[PDB]
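The form deposited in one PDB entry is given below as one chain in structure tokens.
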């Protein structure tokens, strides 16, 4: 038996957690906080030549999603960086040098996707740390799989992370969930502990 008052408090706490970027963890990869995509290696943007901007009927411009969007909070359907194939890369300079402890990856939920499936979602992926530049050899921090049957937002704690700190990390997508032309990345976050 729970009182009305306890219900209120439980609701209050859940909404405060909801309002703290859903998961309550600072994101060192958030663009507005000072992070950016610095390279995509040889990732080939999947360009469809479909979203056409025009005025008085004059074709002006084809819009497509920048890699930058993976560090942007708006994750409505279609607001994702799409690359060709199931193999892609994004190198991110974090907003502060940290010891990384977890990353988060999300995708649009099935309920909002057509046919209720998300085969364009990343599946297996890995995270690498770069101690200085992005040309030296990456150190693997973790390998993980984004689960298409889990929550749209999934957090991934490194098992036995070292004490090394990094300001450059790379998200590598290895496979996807079956989509034959592309892979969509909605948002990638990186969490950890700053220099203390």
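Positions refer to the first chain, counted from 1. Between two forms, the rigid core is the largest collection of C-alphas that superpose within 1.5 Å.
There is also a form deposited in another entry; it is not shown, and the following applies to it.
- Where does the C-alpha shift reach 2 Å or more between the shown form and the other one among 165, 39, 148, 154, given a fit on the rigid core? C-alpha shift of at least 2 Å: 39.
- Item | in the other entry, shift in Cα separation for residue 42 relative to residue 167, 3 Å or more | Relative to the displayed form, residue 167 and residue 42 draw closer in the other entry - a change of at least 3 Å between their C-alphas.
- Tell me whether residue 172 and residue 40 end up closer or farther apart in the other entry, going by their C-alpha atoms; the shift is 3 Å or more. Relative to this form, farther apart in the other entry.
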